[PDB]
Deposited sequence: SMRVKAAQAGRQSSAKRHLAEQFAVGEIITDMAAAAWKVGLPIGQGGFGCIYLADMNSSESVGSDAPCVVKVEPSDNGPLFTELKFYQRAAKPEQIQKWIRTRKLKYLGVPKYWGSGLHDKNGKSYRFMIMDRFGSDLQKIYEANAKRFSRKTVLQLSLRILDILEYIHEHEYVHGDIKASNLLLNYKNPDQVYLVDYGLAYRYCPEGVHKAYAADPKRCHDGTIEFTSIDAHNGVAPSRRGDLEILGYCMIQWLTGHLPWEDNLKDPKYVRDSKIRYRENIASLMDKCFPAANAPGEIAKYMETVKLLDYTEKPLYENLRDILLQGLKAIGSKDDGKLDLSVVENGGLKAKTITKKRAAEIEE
């Protein structure tokens, strides 16, 4: 046992009290302070890292600037959404242990990640599941982009289900999130010297492959590769992950001819029409261009109509 003494009470910077539970890297179950011990049904998690941990500071800044409970609620009301998949930030603080300094952050507790469900379903999601997931991810992306951040690492292991509601998906991990537009000033098309990360090789954007800072189009492109991987179980460059030059070369060539990507990914003739249209729309985006999120959602909604369905918010997992 390190970091915390189990069952101990911790006080955040806003003087809110929390009790620490068992682990579930260094993440523990947590709940509001009370006479009860923290159980397995806990609604919160406490993430703890040394004070000098860069990703936890970055993540904390994202949450403090963009994921305040009320800030998310105002967006849900104005956009008439059922929910928003941005995890709620409950508080943070500093904790000293054995002469060492740590930073902690209280967040929403979630259920399983999509990567596990994906693997348990023989590495496939139905067209209904993919479209319903992507509509919710487009809601998240629009929100974080409108709050000056890009994620840069969208993937099934970073998508968590609501602990009590299996039809609500959340995008997590903002440790390597990037503030692309501080104070409304878009970053230039160049490398960010502070930024060292390039995302997950199989899903990362061409921009990240070219060593430039991630932008909005990059998040949309990553989602495009996720959709293909989910529908088919594969990506064309999957057996060459060790070589980034190869992966970038393939993505670049496939971006030039999306019909060829469709033919490679969906060998038996027809590919779902909305995927090619989505990729073609993302392809038209300039580096600093604001995406037209509603047109991207409209492309996906036509996918739901084609399969005799509608956006009823059912993930079908």
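- Gaps in the model relative to the deposited sequence occur at 1 to 19, 44 to 48, 342 to 364, listed in sequence order.
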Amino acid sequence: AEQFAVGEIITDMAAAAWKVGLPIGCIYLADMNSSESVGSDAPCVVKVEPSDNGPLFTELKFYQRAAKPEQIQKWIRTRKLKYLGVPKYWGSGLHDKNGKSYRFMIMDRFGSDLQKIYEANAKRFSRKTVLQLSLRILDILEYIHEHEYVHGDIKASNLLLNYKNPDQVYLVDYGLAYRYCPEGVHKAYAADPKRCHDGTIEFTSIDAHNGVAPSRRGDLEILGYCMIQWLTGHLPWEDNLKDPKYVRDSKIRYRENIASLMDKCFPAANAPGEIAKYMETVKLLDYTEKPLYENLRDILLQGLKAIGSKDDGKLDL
From here on, numbers count along this sequence of modelled residues.
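- In this crystal structure, the stretch out of 127 to 135 and 76 to 84 whose C-alpha atoms carry the higher mean B factor is 76 to 84.
- Across the two stretches, 231 to 239 and 67 to 75, the PDB entry reports the greater mean Cα temperature factor for 67 to 75.
- The entry assigns its greatest Cα B factor, within the set 56, 259, 45, 268, to 268.
- Between the residues 164, 103, 147, 151, the entry's highest C-alpha temperature factor is the one at 164.
- Residue-level temperature factors show residue 196 in the highest third of its chain, judged at the C-alpha atom.
- Ranked by Cα temperature factor within the chain, residue 121 sits in the highest third according to the deposited record.
- In this PDB entry, the Cα temperature factor of residue 31 sits in the middle third of its chain's modelled residues.
- Ranked against the other modelled residues of its chain, the C-alpha B-factor of residue 205 as given in the entry falls in the lowest third.
- Among the modelled residues of the chain, residue 249 sits in the lowest third by CA temperature factor in this PDB entry.
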